[PDB]
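Chains as they are written, first to last, in PDB author numbering: chain M, 18 to 106; chain P, 17 to 27.
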Amino acid sequence: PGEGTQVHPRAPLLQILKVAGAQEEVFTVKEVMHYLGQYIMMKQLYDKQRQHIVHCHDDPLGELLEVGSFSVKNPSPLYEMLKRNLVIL
Amino acid sequence: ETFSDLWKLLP
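What follows is the structure, given as structure tokens:
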């Protein structure tokens, strides 16, 4: 979904975006990615030394991604999670 | 280098 597509995220993903500050029920994919970055940043999930690595184990984000960690340069787990967690409007 | 720099460069 790329063409400024409008989406409603499933409950578990929506809870995460609202923690990141989203006061919203409808998003574009771009807006979802914005709030995902916000979340990782504010919960400081990225590795301190190697900041492309995100440690999401023992966080609700890990529950959705289904991995303990991921690289932002290997973002497949993220896009897969979004395929499962976004309803197209 | 910074997570925020890296995140911005997501395809």
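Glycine residues also receive a C-beta, built at the ideal position from the N, C-alpha and C atoms.
Membership of M:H51 in the alpha helix (DSSP H) is indicated by the continuous run 46-59. Per DSSP, M:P26 is one residue of the beta strand (DSSP E) stretching across 23-26. If you check each beta-carbon in the region 43-58 of chain M against every beta-carbon of chain P, the ones closer than 8 Å belong to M50, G54, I57, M58. In this structure, the alpha-carbon of M:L62 lies about 15 Å from that of M:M50. Under the Cβ criterion (8 Å, minimum of three pairs), the region 18-28 of chain M counts as touching the region 42-60 of chain M. Shown here, M:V43 sits in coil according to DSSP, grouped into three states, outside any helix or strand. Non-local beta-carbon contacts of M:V104 in its own chain, meaning distances under 6 Å to residues more than five positions away in sequence, involve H25 in chain order.
Of all residues in the region 63-74 of chain M, the ones placed with a Cβ closer than 7 Å to any Cβ belonging to chain P are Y63, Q68, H69, in chain order. For M:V84, no CB of chain P lies under 8 Å from its own CB, so it is not counted at the interface with that chain.
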